[PDB]
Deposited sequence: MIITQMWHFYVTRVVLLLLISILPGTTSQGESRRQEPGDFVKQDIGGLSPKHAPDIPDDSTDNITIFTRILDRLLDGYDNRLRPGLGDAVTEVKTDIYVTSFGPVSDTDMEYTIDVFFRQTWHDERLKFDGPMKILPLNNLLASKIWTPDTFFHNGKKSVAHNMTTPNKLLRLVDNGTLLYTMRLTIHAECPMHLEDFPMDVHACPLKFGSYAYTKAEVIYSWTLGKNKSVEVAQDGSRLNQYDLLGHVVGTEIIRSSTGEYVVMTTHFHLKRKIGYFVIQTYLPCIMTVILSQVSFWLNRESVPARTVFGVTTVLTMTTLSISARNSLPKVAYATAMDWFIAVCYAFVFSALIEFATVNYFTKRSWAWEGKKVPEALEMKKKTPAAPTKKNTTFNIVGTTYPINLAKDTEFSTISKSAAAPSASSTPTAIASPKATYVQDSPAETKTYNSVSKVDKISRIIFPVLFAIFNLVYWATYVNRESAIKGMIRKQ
């Protein structure tokens, strides 16, 4: 009952619409983030989801109190009875403030007046990806946030601990199936808007796309399709149906594997590195079918070897057997080196 009397003494005449030090000073909102889990990244929608304990600390001289306890951990509900920063995420597409069983917020009021206001959030933030070297791509996905209504003359956001120190990440808190969180770089900028100039706290999370998935699903099938096409080079000259079905099936496979590779991608006209690799594999299979057509043009006996003139083994096919694999190998070396070495 003592703390009830204290609480009602620090809420009577407390207008929660007004800022701390409004008309007298700026409010330094010392912000911290604890990433409980870095949610999955949706490349199709160029956004990522992140679960965070978003901690805000600010000094509110109206709420300074003198009592037996030096800190009051109060129920989440009281958070709605006092002023809080109107923090919002500049790239937040659709964020959720969890409230089960009850609103997941905490409000610790320190004796001097400092408020430690924290809340669990799931934030779906927009990360504009430049997919040109995809899948060997690295993205510095930002997480920008700041006051929605208050100018820099009204609210300024700072980091309590200091850059990098402030934004922590749980050791097991990583739901990145296909990315790897290399790290984060905390920054702070001032953005101009139609209504004023706003301080924006940015934290770029550096994500490295693990290529194992796309290797298994695209590159190995495509390479094996190319090798399937060159199996036709080792097939017989005089077997027209067999090498025909071989070539047409491999070309059809590459059509389906290009469209299938592009369903996972977002619909962007960048012609990603996967598109370049698929295009060259397409060129190889199509050139294999063209080579078979070229050899079939000069097929004259039209009878395969038995045991009565027989078609001699094609010189073109003999040269193809060695040239096509070697050129495709050096293609692979050049492409892999170029994309792996670059950032």
{"property": "Missing C-alpha runs, given along the deposited sequence, first residue counted as 1", "result": "1-64, 372-446, 483-492"}
